[PDB]
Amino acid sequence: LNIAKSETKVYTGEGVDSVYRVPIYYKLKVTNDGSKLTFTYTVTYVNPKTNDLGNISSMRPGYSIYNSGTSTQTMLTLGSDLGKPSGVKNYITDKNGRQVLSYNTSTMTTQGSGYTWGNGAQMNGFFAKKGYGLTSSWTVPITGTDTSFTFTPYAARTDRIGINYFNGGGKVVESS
């Protein structure tokens, strides 16, 4: 049938460098070959649309930027049929996306998999006033040493589900 061997989508966007008051841009290229996704992520002061570099003539040579945040600032979230990310290659690319030089490879660390459940049950005042409780239970298989988890309690009246009576206070966090 001569089906495509890969499909690639390119996303761009922009923000503002607060220090020099100029636009800063990102480009995210994602390629799907059927076996794996390949991500290529670039931060630059060159507009991807016009290929023109912004006016940063006053930018000092020692000024430096990161393209990633702290270990707790999630940048990538993956669906259930995507496996474990590889190491992250870091490098400097020229105006045409070609590698100028490369730095040390980074390691992906997970913040964990998040879950919720639908068709939530409810407890009425008739039961509540008897001292009854609304209870949910589930099990989670253990496949190795890292059995860490976090749990966020939730309670809300049925006609205003958005207002959490616990408001984020009593979060349960368990290491290692």
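In case it trips you up, residue 1 is the first one in the sequence shown, and so on.
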Highest mean C-alpha temperature factor of the two stretches 131-139 and 114-122, which is it?
114-122
Return whichever of 36-44 and 142-150 has the greater mean Cα B factor according to the PDB record.
142-150
Taking the entry's C-alpha B-factors for this chain, is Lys95 in the lowest, middle or highest third?
highest
Relative to the other modelled residues of the same chain, rank the CA B-factor of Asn51 and answer lowest, middle or highest third.
middle
By its CA B factor, does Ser86 count among the lowest, middle or highest third of the modelled residues in the chain?
lowest
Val10, C-alpha B-factor rank within chain (lowest, middle or highest third):
lowest
Grab the CA temperature factor for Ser58 from the record and place it in the lowest, middle or highest third of its chain.
highest
